[PDB]
Structure formats: C-alpha cells, structure tokens
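Since the structure comes first, as structure tokens, the remarks are kept for the end.
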Amino acid sequence: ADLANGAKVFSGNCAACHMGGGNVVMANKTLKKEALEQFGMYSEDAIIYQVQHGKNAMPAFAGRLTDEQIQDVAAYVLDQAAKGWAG
Ligand code: HEC
C-alpha cells in the first residue's frame with residue numbers, strides 16, 4: 001500500500017549498504033531481523049532513528065531520501081524481512 005515506496009528508497013539508497021537485507025559494512029547488524037533485532041532495534045522507531053541519521057558508519061537520511069521513506073524505508077525493512085526480504 002505505501003511500503004512500495006519503501007523498496008523505492010531502500011532499492012535506490014539503502015541498497016548501496018545493504019542490498020539483500022544483508023549489511024554491506026558490518027558483519028552482524030543486518031536488515032532482516034535476527035541481528036538488527038538480536039540486540040534490539042528492528043522496530044520502525046529503531047531503524048527510523050538509525051536512518052534519519054544513520055548510526056556509527058551509516059549515512060543519515062533525514063533529508064537524503066524523500067521523507068516518507070526515511071519512514072516507509074524503516075517500516076519497509078519490517079515488511080521485507082517479515083516475509084522474504086525482496087527474496
Ligand atoms: C553505508 C555506509 C550505509 C548506508 C548507505 C546505509 N546503511 Fe544502514 N547501516 C550501515 C552500517 C555500517 C550499519 C551498522 C552501524 C550500526 O547500526 O551500529 C548500518 C546499520 C543499519 C541498521 C541496523 C541498525 C542497528 O541494529 O543498529 C538498519 C536497520 C539499517 N542500517 C538500515 C538502513 C537503511 C534502510 C538504509 C537506507 C536509509 C541504510 N541503512 C543505508 C551503513 C549504511
């Protein structure tokens with residue numbers, strides 16, 4: 001319904017550092033849900049704050065993406081990992 005935009009942003013910005021719900025910089029913090037939620041933060045508000053300002057080595061997106069994707073792109077990962085991360 002609206003997360004279609006999520007993949008539009010993750011597949012055009014977050015993909016450069018994830019692509020396949022698999023972190024491309026770290027070796028654990030991923031997008032699927034086990035690692036990003038292993039420690040605790042696989043929730044919209046979680047990655048939403050890790051997206052509006054990346055975190056550690058991730059590039060903020062408070063205004064890099066569009067806006068409805070700094071949001072949708074988060075709920076987006078909750079939709080892709082919850083049923084086949086764009087498998
Ligand atoms: C390359 C550098 C980037 C880019 C362009 C994006 N991410 Fe993000 N991401 C990156 C690193 C190095 C890490 C680990 C840093 C950390 O989280 O401590 C992450 C992590 C995430 C996570 C996990 C958050 C956590 O559990 O701490 C998520 C959910 C995540 N990244 C999402 C995400 C999205 C949707 C992107 C586009 C807005 C995105 N990242 C880009 C590095 C990078």
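Looking at the header, which is where the method is noted, we find solution NMR.
Placement of Cβ uses the backbone N, Cα and C atoms for every residue, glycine included.
What Swiss-Prot says about this one:
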type: BINDING; residues: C14, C17, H18, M58; note: heme c binding site
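Its own atom aside, the Cβ of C17 (heme c binding site) has 16 Cβ atoms within 10 angstroms in the protein chains shown.
Neighbour counts of Cβ atoms within 10 Å were compared for the binding-site residues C14, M58, and the top value is held by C14.
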